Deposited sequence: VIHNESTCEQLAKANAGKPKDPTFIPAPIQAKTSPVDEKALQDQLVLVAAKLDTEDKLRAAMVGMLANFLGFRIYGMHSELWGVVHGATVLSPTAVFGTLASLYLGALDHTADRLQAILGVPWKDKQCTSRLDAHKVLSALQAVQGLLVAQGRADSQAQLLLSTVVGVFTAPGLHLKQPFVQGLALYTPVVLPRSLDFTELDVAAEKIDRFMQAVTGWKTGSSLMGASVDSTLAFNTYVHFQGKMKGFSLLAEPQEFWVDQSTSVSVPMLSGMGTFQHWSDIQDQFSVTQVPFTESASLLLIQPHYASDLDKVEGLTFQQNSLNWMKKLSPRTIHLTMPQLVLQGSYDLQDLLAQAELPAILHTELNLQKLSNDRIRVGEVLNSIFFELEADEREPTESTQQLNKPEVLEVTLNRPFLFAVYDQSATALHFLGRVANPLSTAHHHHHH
């Protein structure tokens, strides 16, 4: 098997063309057979199962996230399926158990899974909606990457950027990865031992234009607490949006569509203190139409988390720091520094007045692939 040393992160890199990536993602969904389409929905449903498994083993899950408290079940499921591509023996087996894909072995068919995740990506944007995923494989200087592994990540996303980097100076390493990712994407990012020789980071950007809405001129006060308050630019739209008021669990849900299959969900607790408990009831394994005038904050959010913290209860840190065998990734010594997910989430522009001027929960769902693309919590629209 041939190899190659990732170019040093300081080398010239042309920026990624998102509009060219979107055309590719739509092409992927366009040429999907019936079996591949069901496989995409299947993997979207399986990523949800993993996501719900992550909310059950976390009382306060959001101390894991740096910045905006947004979470991508599809990206977490893809980062694990991507690492499995380079795993062997015990490491591969333990990763396979976490994914729980009920398909016949080709070991798990990592190529079919990753190609299914890119399918749920293309299904969403093929309907205004912008979803982009790029993977950065950051390695110590001189570490040899195996070609079949890099080429298989391209099944997850056409944009794969392997670069070599000096991890000895660590605080500078985190700046170079951010200064590199922002220079090549134009987004905002965040990141965080000295033995490390590999950092496998997924960076995804979502931009959702809701039609029928508009950015109001004057801001409105957003109450982070009953004591503290901040003014925020607000979106405003009116239409027949699905809704439901849960009197038993005292919370209300609003579903405003993006497309025929993709929608945004908004869980508003009746009282502010119920936020963490209302979250437990919703994010875990009934709406009807109503004329609603929705007013919610314009969301320009950025956050990041290490899967080793999300899946600490699944012993992922042990999977990646004990008996490690990523020898399909590289023959050289691998010490995982971070397994990152960095999310740039943008939400931009008789009667029931629904106003999100208090902490709320949200989610982006797509019925095409029955996939929770994003779960999140907005205690403060500004960060």
(message) Should a student be asked to find the unmodelled regions, what ranges of the deposited sequence would be the right answer here?
(response) 1-20, 127-130, 152-158, 224-227, 321-327, 392-406, 441-448
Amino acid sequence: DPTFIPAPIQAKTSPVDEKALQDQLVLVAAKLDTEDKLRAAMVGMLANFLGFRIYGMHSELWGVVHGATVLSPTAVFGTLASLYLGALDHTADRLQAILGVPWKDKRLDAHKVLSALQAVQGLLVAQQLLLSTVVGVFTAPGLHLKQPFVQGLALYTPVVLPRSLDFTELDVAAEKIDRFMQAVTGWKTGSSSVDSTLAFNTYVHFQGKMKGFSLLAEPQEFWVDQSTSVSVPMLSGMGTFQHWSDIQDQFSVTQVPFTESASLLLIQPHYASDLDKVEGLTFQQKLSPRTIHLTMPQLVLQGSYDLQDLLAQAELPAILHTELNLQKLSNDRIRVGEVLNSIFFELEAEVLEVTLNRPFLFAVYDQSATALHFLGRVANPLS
From here on, numbers count along this sequence of modelled residues.
(request) Please confirm whether residue 103, modelled here, goes without coordinates in at least one third of the other compared entries that cover both its neighbours. (result) yes
(message) Counting only other entries where the flanking residues are modelled, do a third or more lack residue 350?
(response) yes
(message) If you take the mean CA temperature factor per stretch, which one wins between 231-239 and 248-256?
(response) 248-256
(request) State which stretch shows the higher mean Cα B factor in the entry: 151-159 or 193-201. (result) 193-201
(request) Choose from 135, 80, 170, 114 the residue with the greatest Cα B-factor as stated in the PDB record. (result) 170
(message) Just the C-alpha B-factor column, please: which of 329, 343, 57, 339 has the biggest number?
(response) 57
(request) Would you mind ranking residue 64 by its C-alpha B-factor against the rest of the chain and naming the third, lowest, middle or highest? (result) middle
(request) Rank-wise, by C-alpha B-factor, drop residue 355 into the lowest, middle or highest third of its chain. (result) middle
(request) Tell me, lowest, middle or highest third: where does the Cα B factor of residue 12 rank within its chain? (result) middle
(request) Classify residue 314 as lowest, middle or highest third according to the C-alpha B-factor given in the PDB entry, relative to its own chain. (result) highest
(request) Quick one: classify residue 381 as lowest, middle or highest third of the chain based on its Cα B-factor. (result) middle
